[PDB]
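Pasted below: coords-v3.cif, mmCIF, C-alpha atoms.
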data_data
loop_
_atom_site.label_atom_id
_atom_site.label_comp_id
_atom_site.auth_asym_id
_atom_site.auth_seq_id
_atom_site.Cartn_x
_atom_site.Cartn_y
_atom_site.Cartn_z
CA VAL A 5 -10.40 6.31 5.96
CA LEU A 6 -6.89 5.73 4.51
CA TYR A 7 -4.03 8.14 5.48
CA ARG A 8 -1.38 9.46 2.94
CA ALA A 9 0.59 6.28 1.94
CA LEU A 10 2.83 8.32 -0.44
CA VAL A 11 4.41 11.79 -0.12
CA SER A 12 6.24 13.74 -2.90
CA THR A 13 9.92 14.81 -2.65
CA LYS A 14 8.61 18.40 -3.20
CA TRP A 15 6.36 17.92 -0.14
CA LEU A 16 9.17 16.36 1.96
CA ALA A 17 11.64 19.06 0.73
CA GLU A 18 9.28 21.96 1.68
CA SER A 19 8.68 20.09 5.03
CA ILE A 20 12.45 19.68 5.70
CA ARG A 21 13.13 23.28 4.51
CA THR A 22 10.64 24.30 7.32
CA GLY A 23 12.10 22.36 10.31
CA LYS A 24 8.82 20.36 10.42
CA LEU A 25 11.02 17.28 11.02
CA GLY A 26 11.15 16.19 14.68
CA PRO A 27 8.65 14.55 17.09
CA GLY A 28 5.78 15.44 14.62
CA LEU A 29 7.65 14.32 11.42
CA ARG A 30 10.41 11.63 11.32
CA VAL A 31 12.25 10.41 8.16
CA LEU A 32 13.77 6.91 7.72
CA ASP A 33 16.23 5.43 5.18
CA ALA A 34 15.34 1.68 5.15
CA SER A 35 17.89 0.93 2.31
CA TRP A 36 19.28 -2.65 2.37
CA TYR A 37 21.29 -4.40 -0.42
CA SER A 38 22.63 -7.95 -1.06
CA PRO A 39 26.11 -8.39 0.53
CA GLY A 40 28.99 -7.18 -1.75
CA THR A 41 26.74 -4.88 -3.90
CA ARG A 42 25.92 -1.54 -2.14
CA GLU A 43 26.14 -0.44 1.57
CA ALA A 44 23.05 1.58 2.75
CA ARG A 45 24.38 2.35 6.28
CA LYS A 46 27.53 3.86 4.64
CA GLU A 47 25.52 5.55 1.75
CA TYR A 48 23.04 6.82 4.41
CA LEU A 49 25.91 8.25 6.60
CA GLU A 50 27.48 9.98 3.50
CA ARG A 51 24.16 11.61 2.31
CA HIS A 52 20.64 11.29 3.86
CA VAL A 53 17.49 13.52 3.97
CA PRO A 54 18.35 16.41 6.35
CA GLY A 55 17.36 14.96 9.76
CA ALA A 56 16.96 11.38 8.44
CA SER A 57 17.63 8.38 10.74
CA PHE A 58 18.67 5.06 9.12
CA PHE A 59 16.15 2.18 9.60
CA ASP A 60 18.27 -1.00 9.89
CA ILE A 61 16.23 -4.15 9.08
CA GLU A 62 18.98 -6.53 10.37
CA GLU A 63 18.46 -4.97 13.90
CA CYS A 64 14.61 -4.56 13.78
CA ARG A 65 13.63 -8.24 13.11
CA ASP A 66 13.21 -11.57 14.94
CA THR A 67 16.85 -12.76 15.13
CA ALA A 68 15.97 -15.88 17.25
CA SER A 69 14.08 -17.07 14.09
CA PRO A 70 15.78 -19.18 11.35
CA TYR A 71 13.88 -17.51 8.38
CA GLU A 72 14.57 -14.27 6.43
CA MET A 73 12.70 -11.06 7.48
CA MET A 74 10.71 -12.07 10.52
CA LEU A 75 8.93 -9.39 12.56
CA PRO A 76 10.44 -8.54 15.96
CA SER A 77 8.36 -8.60 19.18
CA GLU A 78 5.92 -5.60 19.51
CA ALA A 79 8.64 -4.92 22.19
CA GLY A 80 11.71 -5.13 19.85
CA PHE A 81 9.85 -2.75 17.44
CA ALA A 82 8.54 -0.25 20.10
CA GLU A 83 12.06 -0.11 21.72
CA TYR A 84 13.69 0.51 18.27
CA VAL A 85 11.31 3.17 16.70
CA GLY A 86 11.42 4.52 20.27
CA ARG A 87 15.19 5.24 20.04
CA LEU A 88 14.49 6.84 16.57
CA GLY A 89 12.37 9.39 18.56
CA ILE A 90 9.02 8.06 17.18
CA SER A 91 5.90 8.14 19.42
CA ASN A 92 2.49 6.99 18.09
CA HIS A 93 1.40 10.66 17.61
CA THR A 94 4.26 11.16 15.02
CA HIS A 95 4.09 10.89 11.19
CA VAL A 96 6.70 8.51 9.63
CA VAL A 97 8.12 9.12 6.07
CA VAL A 98 10.08 6.04 4.78
CA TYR A 99 12.54 6.00 1.81
CA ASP A 100 15.32 3.87 0.34
CA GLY A 101 17.82 4.90 -2.39
CA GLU A 102 17.17 1.65 -4.31
CA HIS A 103 17.67 2.19 -8.12
CA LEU A 104 14.16 0.98 -9.10
CA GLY A 105 12.67 3.76 -6.87
CA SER A 106 11.87 1.55 -3.79
CA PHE A 107 12.42 -1.98 -2.32
CA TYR A 108 12.46 -2.01 1.55
CA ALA A 109 10.51 1.22 2.47
CA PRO A 110 7.14 -0.54 1.83
CA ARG A 111 8.33 -3.43 4.10
CA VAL A 112 8.72 -0.70 6.77
CA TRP A 113 5.55 1.32 5.88
CA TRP A 114 3.83 -2.09 6.48
CA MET A 115 5.72 -3.10 9.72
CA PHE A 116 4.72 0.37 11.07
CA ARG A 117 1.05 -0.38 10.06
CA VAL A 118 0.98 -4.06 11.26
CA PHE A 119 2.11 -2.58 14.65
CA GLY A 120 -1.00 -0.33 14.82
CA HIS A 121 0.40 2.95 13.32
CA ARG A 122 -1.52 4.60 10.47
CA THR A 123 0.47 7.87 9.96
CA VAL A 124 3.28 6.30 7.87
CA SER A 125 3.89 7.12 4.14
CA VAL A 126 6.55 5.95 1.62
CA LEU A 127 8.49 8.85 0.00
CA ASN A 128 7.54 8.50 -3.73
CA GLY A 129 10.45 8.07 -6.20
CA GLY A 130 12.78 6.98 -3.33
CA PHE A 131 16.08 8.79 -2.39
CA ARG A 132 16.79 8.37 -6.14
CA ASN A 133 14.42 11.25 -7.19
CA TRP A 134 15.29 13.16 -3.92
CA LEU A 135 18.82 13.45 -5.49
CA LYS A 136 17.57 13.64 -9.13
CA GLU A 137 16.26 17.18 -8.08
CA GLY A 138 19.27 17.74 -5.71
CA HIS A 139 16.96 18.17 -2.65
CA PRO A 140 19.40 19.04 0.14
CA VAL A 141 21.21 15.91 1.48
CA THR A 142 23.64 15.93 4.49
CA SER A 143 26.36 13.88 6.27
CA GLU A 144 25.38 15.80 9.53
CA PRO A 145 24.29 13.30 12.25
CA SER A 146 20.45 13.23 12.83
CA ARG A 147 20.06 12.72 16.64
CA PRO A 148 16.40 12.56 17.68
CA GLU A 149 15.42 12.71 21.42
CA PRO A 150 14.08 9.16 21.98
CA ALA A 151 10.23 8.73 22.25
CA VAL A 152 7.88 6.07 23.83
CA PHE A 153 6.05 3.82 21.30
CA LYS A 154 2.96 1.80 22.28
CA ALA A 155 3.17 -1.04 19.65
CA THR A 156 -0.12 -2.97 18.92
CA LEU A 157 0.01 -5.99 16.52
CA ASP A 158 -2.85 -5.78 13.97
CA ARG A 159 -3.01 -9.54 13.06
CA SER A 160 -5.24 -9.07 9.94
CA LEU A 161 -2.12 -7.87 7.94
CA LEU A 162 -0.03 -10.93 9.08
CA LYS A 163 -0.52 -14.42 7.47
CA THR A 164 1.62 -17.28 8.96
CA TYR A 165 2.89 -20.50 7.27
CA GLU A 166 -0.01 -22.30 9.13
CA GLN A 167 -2.67 -19.89 7.65
CA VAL A 168 -1.19 -20.08 4.10
CA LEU A 169 -1.23 -23.93 4.11
CA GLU A 170 -4.93 -23.76 5.19
CA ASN A 171 -5.69 -21.30 2.32
CA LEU A 172 -3.93 -23.87 0.05
CA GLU A 173 -7.22 -25.89 0.37
CA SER A 174 -9.59 -23.08 1.54
CA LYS A 175 -8.78 -20.89 -1.56
CA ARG A 176 -10.62 -18.04 0.25
CA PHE A 177 -7.52 -15.75 -0.18
CA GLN A 178 -5.87 -14.80 -3.54
CA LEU A 179 -2.09 -15.48 -3.34
CA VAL A 180 0.36 -13.04 -5.08
CA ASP A 181 4.17 -13.73 -5.48
CA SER A 182 5.89 -10.28 -5.92
CA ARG A 183 9.21 -12.10 -6.76
CA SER A 184 10.71 -11.64 -10.29
CA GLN A 185 9.06 -14.04 -12.82
CA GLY A 186 12.37 -15.88 -13.53
CA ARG A 187 12.12 -17.30 -9.94
CA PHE A 188 8.26 -17.61 -9.58
CA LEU A 189 8.80 -20.19 -12.39
CA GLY A 190 12.01 -21.97 -11.23
CA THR A 191 14.09 -20.82 -14.29
CA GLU A 192 16.42 -18.64 -12.12
CA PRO A 193 18.11 -19.59 -8.80
CA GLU A 194 17.37 -18.01 -5.38
CA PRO A 195 20.21 -15.63 -4.38
CA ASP A 196 22.02 -15.54 -0.94
CA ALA A 197 20.83 -19.07 -0.03
CA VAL A 198 22.06 -22.71 0.39
CA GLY A 199 19.97 -25.60 -1.13
CA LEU A 200 17.02 -23.17 -1.83
CA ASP A 201 15.35 -24.04 -5.23
CA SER A 202 13.27 -21.33 -6.99
CA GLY A 203 9.55 -22.02 -7.63
CA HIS A 204 6.23 -20.58 -6.36
CA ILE A 205 3.46 -22.06 -4.15
CA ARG A 206 0.58 -23.99 -5.85
CA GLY A 207 -1.90 -21.18 -6.74
CA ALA A 208 0.45 -18.17 -6.44
CA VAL A 209 -0.12 -15.64 -9.30
CA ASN A 210 3.15 -13.75 -10.14
CA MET A 211 2.98 -9.91 -9.93
CA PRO A 212 6.65 -8.76 -9.81
CA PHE A 213 7.09 -5.52 -7.77
CA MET A 214 9.23 -3.82 -10.52
CA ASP A 215 5.94 -3.50 -12.51
CA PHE A 216 4.37 -1.10 -9.88
CA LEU A 217 7.08 1.55 -10.65
CA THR A 218 7.33 3.97 -13.64
CA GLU A 219 10.78 4.27 -15.31
CA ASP A 220 11.37 7.49 -13.23
CA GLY A 221 11.12 5.54 -9.88
CA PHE A 222 7.64 6.80 -8.82
CA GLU A 223 4.66 4.44 -8.10
CA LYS A 224 2.02 4.32 -10.97
CA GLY A 225 -1.40 6.10 -11.28
CA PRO A 226 -4.00 3.93 -9.44
CA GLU A 227 -5.70 3.45 -12.89
CA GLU A 228 -2.44 1.78 -14.14
CA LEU A 229 -2.30 -0.23 -10.83
CA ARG A 230 -6.05 -1.07 -10.95
CA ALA A 231 -5.45 -2.42 -14.54
CA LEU A 232 -2.23 -4.36 -13.51
CA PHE A 233 -4.38 -6.29 -10.93
CA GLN A 234 -7.63 -6.88 -12.91
CA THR A 235 -5.37 -7.97 -15.83
CA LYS A 236 -3.75 -10.56 -13.48
CA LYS A 237 -7.36 -11.87 -12.86
CA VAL A 238 -6.74 -10.52 -9.31
CA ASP A 239 -9.93 -9.08 -7.70
CA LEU A 240 -9.44 -6.25 -5.06
CA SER A 241 -12.99 -7.10 -3.64
CA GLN A 242 -11.50 -10.48 -2.61
CA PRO A 243 -9.11 -11.51 0.19
CA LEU A 244 -5.45 -11.25 -0.88
CA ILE A 245 -2.11 -12.41 0.60
CA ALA A 246 1.32 -11.22 -0.65
CA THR A 247 4.36 -13.59 -0.67
CA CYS A 248 7.94 -12.54 -1.49
CA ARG A 249 11.18 -14.41 -0.81
CA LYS A 250 11.36 -12.98 2.77
CA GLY A 251 8.23 -10.77 3.00
CA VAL A 252 9.42 -7.35 1.81
CA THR A 253 8.72 -6.66 -1.93
CA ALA A 254 5.38 -8.38 -1.08
CA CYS A 255 4.51 -5.09 0.74
CA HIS A 256 4.86 -3.45 -2.75
CA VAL A 257 1.56 -5.21 -3.67
CA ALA A 258 0.22 -4.14 -0.23
CA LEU A 259 1.09 -0.45 -1.01
CA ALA A 260 -0.37 -0.86 -4.55
CA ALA A 261 -3.54 -2.65 -3.26
CA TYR A 262 -3.82 0.06 -0.49
CA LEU A 263 -3.43 3.00 -2.95
CA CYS A 264 -6.23 1.46 -5.13
CA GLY A 265 -8.48 1.28 -1.99
CA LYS A 266 -7.75 -2.19 -0.45
CA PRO A 267 -6.09 -1.76 2.98
CA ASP A 268 -6.56 -5.51 3.83
CA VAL A 269 -3.67 -7.22 1.93
CA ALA A 270 -1.92 -9.45 4.56
CA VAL A 271 1.78 -10.45 4.12
CA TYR A 272 3.29 -13.98 4.30
CA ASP A 273 6.50 -12.92 6.17
CA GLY A 274 7.98 -16.44 6.11
CA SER A 275 7.44 -16.09 2.35
CA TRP A 276 9.38 -18.49 0.07
CA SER A 277 12.46 -19.06 2.39
CA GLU A 278 10.05 -20.23 5.19
CA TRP A 279 7.60 -21.99 2.85
CA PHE A 280 10.41 -23.74 0.88
CA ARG A 281 11.97 -25.08 4.13
CA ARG A 282 8.77 -25.92 6.13
CA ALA A 283 6.32 -27.06 3.42
CA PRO A 284 6.02 -30.48 1.73
CA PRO A 285 7.43 -30.37 -1.86
CA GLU A 286 3.90 -31.05 -3.34
CA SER A 287 2.52 -27.62 -2.15
CA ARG A 288 4.90 -25.71 -4.45
CA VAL A 289 6.06 -25.93 -8.07
CA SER A 290 9.04 -25.08 -10.33
CA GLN A 291 9.49 -25.27 -14.13
CA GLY A 292 12.56 -27.56 -14.10
CA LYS A 293 12.94 -29.91 -11.02
CA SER A 294 9.80 -32.16 -10.45
#
Here is the file; what I need is its structure written in the form of structure tokens.
Amino acid sequence: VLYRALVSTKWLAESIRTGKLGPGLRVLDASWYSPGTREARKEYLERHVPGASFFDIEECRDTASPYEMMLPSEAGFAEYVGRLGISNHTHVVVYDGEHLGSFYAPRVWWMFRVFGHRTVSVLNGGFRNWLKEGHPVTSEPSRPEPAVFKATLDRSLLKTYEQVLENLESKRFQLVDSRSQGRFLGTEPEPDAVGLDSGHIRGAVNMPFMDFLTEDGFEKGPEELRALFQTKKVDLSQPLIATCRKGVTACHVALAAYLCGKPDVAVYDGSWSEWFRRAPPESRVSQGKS
């Protein structure tokens, strides 16, 4: 029995405009951008949803690791969403002011889920549409009394390098690469990386995340989504893993899949940066280099 995965700006607005925000309702800006482009922390601090805290993905992740976007310990998470005054009784509303309409927020929506928390929704049309209707923004510091978070890892949403390599032969799981086509193919390079070829894993079907989002920034009608999948010969009845580069825009398929009525899309968090580096070259392909 799936909870609200999306909420409207109108809904969030009316909620904000009613001091519903607090230990019952907590808002997060997950915004992150490639170094030298934008700065979310800054942009957050300048304007954010009245009573919004900034979710920093560099701080809530497994830093010991040598791969991009690894989950922290249930501990590292619980301690963090703790200090953002989020218990397990609260409802979490995640946004980013990414241009497209969303990019990281679904990473976070997921993280929150994969840690056994089912009242989380992405704010639909991102900060983008929040502004596009001038919904009150503030520079005023959001300062939530910290809360205790029991954090329980649901494993079914998490696929590891080891499990993906198995599925390479098993074929029991459909494998979707949310990365932009240019790179699923090997045409384009991989950005913010050293000796990291582009190319997808043997069997990956490419469903770029851009294609889940109307021009206006909103997610698409589930009919449009349900097409999008079918049309990619991707069956929602059947077990489905989402890759990325780092395991972030993969969640975009997760959110999609979920909205359509499949809450059992797992995420390869290693994704391509892990795969590329750990896997034999034969388990992955690239138009160009072979």
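In terms of minimum interatomic distance to residue A:32, A:99 ranks closest within A:188, A:113, A:119, A:99, counting only C-alpha atoms.
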I'd like the neighbourhood of residue A:131 as a ChimeraX atom specification, where a residue qualifies if any of its atoms comes within 12 Å (using all atoms listed in the file), though same-chain residues fewer than 5 positions away should be ignored. /A:12-13,16-17,31-35,44,47-48,51-54,56,97-107,109,126,136-141,220-222
Quick one: residues within 12 Å of stretch 152-158 of chain A, all atoms listed in the file counted, chain neighbours fewer than 5 positions away excluded, as a PyMOL selection string? chain A and resi 27+75-94+114-122+163+268+270-271
Looking at only C-alpha atoms, which of A:66, A:192, A:43, A:72 is the one that sits closest to residue A:252? A:72
Apply the PyMOL selection byres ((chain A and resi 203) around 6) to the structure shown and report the selected residues as a ChimeraX atom specification. /A:187-190,202,204,289-290
Just write the chosen residues, C-alpha atoms, as a JSON list (two decimals), keeping the file's coordinate frame.
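The file below, part.json, is the result:
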[["chain", "number", "residue", "atom", "x", "y", "z"],
["A", 187, "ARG", "CA", 12.12, -17.30, -9.94],
["A", 188, "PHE", "CA", 8.26, -17.61, -9.58],
["A", 189, "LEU", "CA", 8.80, -20.19, -12.39],
["A", 190, "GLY", "CA", 12.01, -21.97, -11.23],
["A", 202, "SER", "CA", 13.27, -21.33, -6.99],
["A", 204, "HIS", "CA", 6.23, -20.58, -6.36],
["A", 289, "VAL", "CA", 6.06, -25.93, -8.07],
["A", 290, "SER", "CA", 9.04, -25.08, -10.33]]
Can you tell me which residues surround residue A:215 at a distance of at most 12 Å, considering all atoms listed in the file, apart from same-chain residues fewer than 6 positions away, and format the answer as a PDB file with C-alpha atoms, keeping the file's coordinate frame?
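Listed below is the output, out06.pdb:
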ATOM      1  CA  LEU A 104      14.160   0.980  -9.100  1.00  0.00           C
ATOM      2  CA  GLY A 105      12.670   3.760  -6.870  1.00  0.00           C
ATOM      3  CA  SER A 106      11.870   1.550  -3.790  1.00  0.00           C
ATOM      4  CA  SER A 182       5.890 -10.280  -5.920  1.00  0.00           C
ATOM      5  CA  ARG A 183       9.210 -12.100  -6.760  1.00  0.00           C
ATOM      6  CA  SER A 184      10.710 -11.640 -10.290  1.00  0.00           C
ATOM      7  CA  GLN A 185       9.060 -14.040 -12.820  1.00  0.00           C
ATOM      8  CA  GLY A 221      11.120   5.540  -9.880  1.00  0.00           C
ATOM      9  CA  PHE A 222       7.640   6.800  -8.820  1.00  0.00           C
ATOM     10  CA  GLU A 223       4.660   4.440  -8.100  1.00  0.00           C
ATOM     11  CA  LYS A 224       2.020   4.320 -10.970  1.00  0.00           C
ATOM     12  CA  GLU A 228      -2.440   1.780 -14.140  1.00  0.00           C
ATOM     13  CA  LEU A 229      -2.300  -0.230 -10.830  1.00  0.00           C
ATOM     14  CA  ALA A 231      -5.450  -2.420 -14.540  1.00  0.00           C
ATOM     15  CA  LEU A 232      -2.230  -4.360 -13.510  1.00  0.00           C
ATOM     16  CA  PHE A 233      -4.380  -6.290 -10.930  1.00  0.00           C
ATOM     17  CA  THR A 253       8.720  -6.660  -1.930  1.00  0.00           C
ATOM     18  CA  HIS A 256       4.860  -3.450  -2.750  1.00  0.00           C
ATOM     19  CA  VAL A 257       1.560  -5.210  -3.670  1.00  0.00           C
ATOM     20  CA  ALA A 260      -0.370  -0.860  -4.550  1.00  0.00           C
TER      21      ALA A 260
END
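Distances to residue A:14 were evaluated for A:249, A:133, A:235, A:291 using all atoms listed in the file, and the minimum falls at A:133.
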Find the residues around residue A:263 up to 8 Å (only C-alpha atoms counted), leave out those fewer than 3 positions away in its own chain, and share them as a count of residues only. 5
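One distance worth recording is that between atom CA of residue A:171 and atom CA of residue A:64, which is 28.7 Å.
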Interatomic distance between atom CA of residue A:10 and atom CA of residue A:96? 10.8 Å
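Interatomic distance, atom CA of residue A:7 to atom CA of residue A:265: 11.1 Å.
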Write out as number ranges by chain each polymer residue whose atoms come within 6 Å of residue A:273, counting all atoms listed in the file; drop sequence neighbours fewer than 2 positions from it. A: 250-251, 271, 275
Export, as a tab-separated table (two decimals), keeping the file's coordinate frame, the selected residues with C-alpha atoms.
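Dumped to out29.tsv:
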chain	number	residue	atom	x	y	z
A	250	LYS	CA	11.36	-12.98	2.77
A	251	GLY	CA	8.23	-10.77	3.00
A	271	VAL	CA	1.78	-10.45	4.12
A	275	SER	CA	7.44	-16.09	2.35
Counting only C-alpha atoms, closest pick from A:246, A:20, A:5, A:200 relative to residue A:281 is A:200
Filled-in N, CA and C atoms of stretch 9-34 of chain A, supplied as a PDB file, keeping the file's coordinate frame:
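Output saved as selection-v9.pdb:
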ATOM      1  N   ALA A   9      -0.363   7.419   2.058  1.00  0.00           N
ATOM      2  CA  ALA A   9       0.590   6.280   1.940  1.00  0.00           C
ATOM      3  C   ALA A   9       1.857   6.745   1.221  1.00  0.00           C
ATOM      4  N   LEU A  10       1.718   7.732   0.336  1.00  0.00           N
ATOM      5  CA  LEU A  10       2.830   8.320  -0.440  1.00  0.00           C
ATOM      6  C   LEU A  10       2.935   9.787  -0.070  1.00  0.00           C
ATOM      7  N   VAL A  11       4.153  10.320  -0.106  1.00  0.00           N
ATOM      8  CA  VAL A  11       4.410  11.790  -0.120  1.00  0.00           C
ATOM      9  C   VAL A  11       5.435  12.055  -1.216  1.00  0.00           C
ATOM     10  N   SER A  12       5.335  13.234  -1.836  1.00  0.00           N
ATOM     11  CA  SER A  12       6.240  13.740  -2.900  1.00  0.00           C
ATOM     12  C   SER A  12       7.523  14.261  -2.258  1.00  0.00           C
ATOM     13  N   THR A  13       8.617  14.204  -3.014  1.00  0.00           N
ATOM     14  CA  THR A  13       9.920  14.810  -2.650  1.00  0.00           C
ATOM     15  C   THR A  13       9.714  16.310  -2.407  1.00  0.00           C
ATOM     16  N   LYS A  14       8.987  16.971  -3.313  1.00  0.00           N
ATOM     17  CA  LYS A  14       8.610  18.400  -3.200  1.00  0.00           C
ATOM     18  C   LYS A  14       7.969  18.646  -1.839  1.00  0.00           C
ATOM     19  N   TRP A  15       7.018  17.798  -1.453  1.00  0.00           N
ATOM     20  CA  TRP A  15       6.360  17.920  -0.140  1.00  0.00           C
ATOM     21  C   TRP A  15       7.420  17.733   0.941  1.00  0.00           C
ATOM     22  N   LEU A  16       8.178  16.641   0.896  1.00  0.00           N
ATOM     23  CA  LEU A  16       9.170  16.360   1.960  1.00  0.00           C
ATOM     24  C   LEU A  16      10.178  17.515   2.011  1.00  0.00           C
ATOM     25  N   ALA A  17      10.758  17.880   0.873  1.00  0.00           N
ATOM     26  CA  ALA A  17      11.640  19.060   0.730  1.00  0.00           C
ATOM     27  C   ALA A  17      11.074  20.256   1.505  1.00  0.00           C
ATOM     28  N   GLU A  18       9.934  20.779   1.065  1.00  0.00           N
ATOM     29  CA  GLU A  18       9.280  21.960   1.680  1.00  0.00           C
ATOM     30  C   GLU A  18       9.140  21.727   3.190  1.00  0.00           C
ATOM     31  N   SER A  19       8.820  20.498   3.609  1.00  0.00           N
ATOM     32  CA  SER A  19       8.680  20.090   5.030  1.00  0.00           C
ATOM     33  C   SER A  19      10.032  20.213   5.729  1.00  0.00           C
ATOM     34  N   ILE A  20      11.065  19.593   5.162  1.00  0.00           N
ATOM     35  CA  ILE A  20      12.450  19.680   5.700  1.00  0.00           C
ATOM     36  C   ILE A  20      12.820  21.148   5.785  1.00  0.00           C
ATOM     37  N   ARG A  21      12.711  21.857   4.664  1.00  0.00           N
ATOM     38  CA  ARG A  21      13.130  23.280   4.510  1.00  0.00           C
ATOM     39  C   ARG A  21      12.363  24.157   5.510  1.00  0.00           C
ATOM     40  N   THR A  22      11.548  23.568   6.393  1.00  0.00           N
ATOM     41  CA  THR A  22      10.640  24.300   7.320  1.00  0.00           C
ATOM     42  C   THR A  22      10.792  23.784   8.747  1.00  0.00           C
ATOM     43  N   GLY A  23      11.832  22.986   9.004  1.00  0.00           N
ATOM     44  CA  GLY A  23      12.100  22.360  10.310  1.00  0.00           C
ATOM     45  C   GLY A  23      10.850  21.730  10.889  1.00  0.00           C
ATOM     46  N   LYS A  24      10.045  21.104  10.024  1.00  0.00           N
ATOM     47  CA  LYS A  24       8.820  20.360  10.420  1.00  0.00           C
ATOM     48  C   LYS A  24       9.257  18.980  10.915  1.00  0.00           C
ATOM     49  N   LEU A  25      10.485  18.587  10.579  1.00  0.00           N
ATOM     50  CA  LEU A  25      11.020  17.280  11.020  1.00  0.00           C
ATOM     51  C   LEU A  25      11.270  17.357  12.521  1.00  0.00           C
ATOM     52  N   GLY A  26      11.081  16.239  13.209  1.00  0.00           N
ATOM     53  CA  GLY A  26      11.150  16.190  14.680  1.00  0.00           C
ATOM     54  C   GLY A  26      10.067  15.275  15.221  1.00  0.00           C
ATOM     55  N   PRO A  27       9.636  15.452  16.488  1.00  0.00           N
ATOM     56  CA  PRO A  27       8.650  14.550  17.090  1.00  0.00           C
ATOM     57  C   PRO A  27       7.299  14.462  16.356  1.00  0.00           C
ATOM     58  N   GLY A  28       6.997  15.418  15.463  1.00  0.00           N
ATOM     59  CA  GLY A  28       5.780  15.440  14.620  1.00  0.00           C
ATOM     60  C   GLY A  28       5.986  14.787  13.268  1.00  0.00           C
ATOM     61  N   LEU A  29       7.223  14.847  12.750  1.00  0.00           N
ATOM     62  CA  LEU A  29       7.650  14.320  11.420  1.00  0.00           C
ATOM     63  C   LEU A  29       9.055  13.722  11.526  1.00  0.00           C
ATOM     64  N   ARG A  30       9.170  12.432  11.214  1.00  0.00           N
ATOM     65  CA  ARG A  30      10.410  11.630  11.320  1.00  0.00           C
ATOM     66  C   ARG A  30      10.663  10.895  10.001  1.00  0.00           C
ATOM     67  N   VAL A  31      11.876  11.011   9.472  1.00  0.00           N
ATOM     68  CA  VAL A  31      12.250  10.410   8.160  1.00  0.00           C
ATOM     69  C   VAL A  31      13.175   9.227   8.418  1.00  0.00           C
ATOM     70  N   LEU A  32      13.021   8.183   7.602  1.00  0.00           N
ATOM     71  CA  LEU A  32      13.770   6.910   7.720  1.00  0.00           C
ATOM     72  C   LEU A  32      14.318   6.527   6.347  1.00  0.00           C
ATOM     73  N   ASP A  33      15.587   6.126   6.316  1.00  0.00           N
ATOM     74  CA  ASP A  33      16.230   5.430   5.180  1.00  0.00           C
ATOM     75  C   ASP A  33      16.248   3.953   5.541  1.00  0.00           C
ATOM     76  N   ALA A  34      15.446   3.130   4.871  1.00  0.00           N
ATOM     77  CA  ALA A  34      15.340   1.680   5.150  1.00  0.00           C
ATOM     78  C   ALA A  34      16.330   0.878   4.279  1.00  0.00           C
TER      79      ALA A  34
END
